[PDB]
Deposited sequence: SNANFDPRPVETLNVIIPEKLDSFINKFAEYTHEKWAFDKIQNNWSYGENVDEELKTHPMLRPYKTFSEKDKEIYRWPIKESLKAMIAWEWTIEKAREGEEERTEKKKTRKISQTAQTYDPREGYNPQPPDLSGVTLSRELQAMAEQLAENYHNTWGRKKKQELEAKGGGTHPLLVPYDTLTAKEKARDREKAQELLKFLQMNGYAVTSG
């Protein structure tokens, strides 16, 4: 009994003004992925190689085409579309606090109880998005099941972590850049 219904966002229009945040958070997300990969001794390679630990995306975000940028911008647009569809407000209230990638540390950012509660909704929606997609993939490949095809609330803490973390990162980066997010 799991029928994931992620919020529909095909006809949600992100206001033009948010493009600056999208680009900035996309760069950030690429730079954090790059940091992680590099500290584990990955380097730039023209092709992806797990043995050689090379990756073509280990280069500056500014050097990317629009297609490569879109790898990072799409999921963020999907997040923002869901917030908008839920009729949350995102307004720039304040000025914000903010190959060798040095991404700003978001570890010192505290979210209010209320932003943490919003993060829970975004986290579940990520779960539903993953879930609905996984159902489609399993059908296309002949059936079967997956242990995480359960309601988000029934997941363990360990199981909730990755969705919670993505949601947290979005809201902390919104906060760090001076944005106020309310229900």
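The deposited chain is incompletely modelled, with C-alpha atoms absent over 1 to 3, 102 to 124, 210.
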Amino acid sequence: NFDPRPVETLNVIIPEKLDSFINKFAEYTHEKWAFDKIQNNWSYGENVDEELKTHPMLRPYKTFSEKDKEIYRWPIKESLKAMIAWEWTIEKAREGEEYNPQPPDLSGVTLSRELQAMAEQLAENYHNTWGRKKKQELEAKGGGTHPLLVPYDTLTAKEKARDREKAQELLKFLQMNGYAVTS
From here on, numbers count along this sequence of modelled residues.
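Between 111 to 119 and 51 to 59, it is 51 to 59 that carries the larger average Cα temperature factor according to the deposited entry. Between the stretches 31 to 39 and 145 to 153, it is 31 to 39 that shows the larger average CA temperature factor. Residue-level inspection of the entry shows that, of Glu91, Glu98, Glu78, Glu87, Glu98 has the top Cα B-factor. Compared with the other modelled residues of the chain, the Cα B-factor recorded for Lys67 ranks in the highest third. For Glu46, the recorded CA B-factor ranks within the highest third of the chain. Only modelled residues enter the ranking.
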